[PDB]
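Report on the structure given below.
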Amino acid sequence: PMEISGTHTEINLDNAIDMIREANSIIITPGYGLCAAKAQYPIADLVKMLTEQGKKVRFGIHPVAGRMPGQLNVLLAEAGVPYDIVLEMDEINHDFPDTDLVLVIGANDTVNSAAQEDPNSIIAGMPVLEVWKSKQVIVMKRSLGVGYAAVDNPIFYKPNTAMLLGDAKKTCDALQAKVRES
Ligand SMILES: NC(=O)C1=CN([C@@H]2O[C@H](COP(=O)(O)OP(=O)(O)OC[C@H]3O[C@@H](n4cnc5c(N)ncnc54)[C@H](OP(=O)(O)O)[C@@H]3O)[C@@H](O)[C@H]2O)C=CC1
C-alpha cells in the first residue's frame with residue numbers, strides 16, 4: 001500500500017500571452033516535439049514580432065535536441081530565424097537565472113532537472129538546459145508524458161513552471177495569432 005502524488009499547473013492561451021508580454025527576456029528551448037509538429041514557422045514569426053517590440057528573444061539549443069545533432073538549427077534556419085539569436089547550450093545556459101520567461105516547446109529530456117536533482121536517475125549527470133532557474137517557465141507539449149529517455153521530468157511540478165498543453169504547431173499558431181492582434 002504505497003502512493004505518491006504530483007501537482008502540476010495548466011494555463012490558457014490568454015495567460016501565456018500575459019506572461020509573454022509581461023516578460024522582457026525570453027529563452028526558447030525547442031526539442032523533438034517542435035520537429036514532429038513542424039512548429040518552427042509560427043515560433044519564428046512570433047519571435048520576430050516580439051523582437052520588434054523590444055524584447056530579448058533567443059533560442060537555446062541542446063547538443064542532442066531532436067533526433068539528429070543540429071536538427072533544430074536546420075529547422076529554425078529553414079523558418080528564417082536569424083542565426084545571431086540561435087545559441088548553443090554551452091553559450092546560453094549561464095543566462096537562465098537572469099531570464100524572465102522560458103518557452104519549452106516540445107522538449108523534455110534536454111530540460112530534465114532530474115539529471116541534477118536525482119542521484120539515482122538514469123540521466124543523472126547528463127548536461128541539460130537549466131530552464132527551471134528562470135523566473136517563469138512555460139512547457140508546451142501535448143501532456144505530462146515522457147520523452148525518449150522514458151523518464152519523469154521534475155520541472156512539470158515546480159512552482160515556477162506552467163504547462164501549456166496541446167500540439168506544438170497548434171499552440172504556436174494561436175500564440176502567434178493573439179500577439180499579432182496588437
Ligand atoms: N539529437 C540526437 O542526435 C538524438 C537524440 N536522442 C535523444 O532524444 C532526446 C531529445 O531531447 P528532446 O527532444 O528535448 O526531448 P524528448 O525527445 O524526450 O521530448 C520530446 C517531447 O516533445 C513532445 N511532443 C511530441 N510531439 C509533440 C507535438 N506534436 N506537439 C507538442 N509536443 C510534442 C513529447 O511530449 P508529449 O507526448 O506530452 O507531447 C515529448 O516529451 C534526448 O533524450 C536524446 O538523448 C537520441 C538519439 C539521437
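All of the numbers you see were taken from the coordinates with simple rules; none came from a lab. FYI the Cβ positions are ideal-geometry reconstructions off the backbone, even for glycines, and counts take in every protein chain you see.
Numbers at a glance
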quantity	calculated
Selection from 34, 139, 97 lying farthest towards where the dipole of the chain points positive, charges on Cβ	34
Dipole moment magnitude, nearest 20 debye, the chain about Cα centre, only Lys, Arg, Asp, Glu C-beta charged	440 debye
Kirkwood-Stokes translational diffusion coefficient of the chain, alpha-carbon pairs, 25 °C, 0.890 mPa s, µm²/s	151 µm²/s
Cα-based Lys proximity count in the chain, under 15 Å, for pairs eight or more positions apart or on separate chains	12
Within-12-Å neighbourhood charge of residue 12 [Cβ basis; K, R +1; D, E -1]	-2
Local net charge near residue 116, Cβ-Cβ under 12 Å (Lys/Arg +1, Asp/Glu -1)	-2
Residue of 51, 29, 110 that the Gaussian network model of the chain assigns the largest fluctuation, springs spanning Cα pairs under 10 Å	51
Calculated from backbone phi, Karplus (6.51, -1.76, 1.60) coupling profile of region 48-61 in Hz, x at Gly/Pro	3, 5, 4, 5, 5, 8, x, 7, 8, 10, 9, 9, x, 9
Inter-probe distance in nm under a simple model that places probes 7 Å from Cα toward Cβ, at residue 14 and residue 77	4.2 nm
Whole-angstrom gap from region 107-151 to region 42-91, using each part's C-alpha centre	19 Å
Choice from 151, 47, 111 showing the highest fluctuation, given a GNM over the chain with Cα pairs closer than 10 Å	151
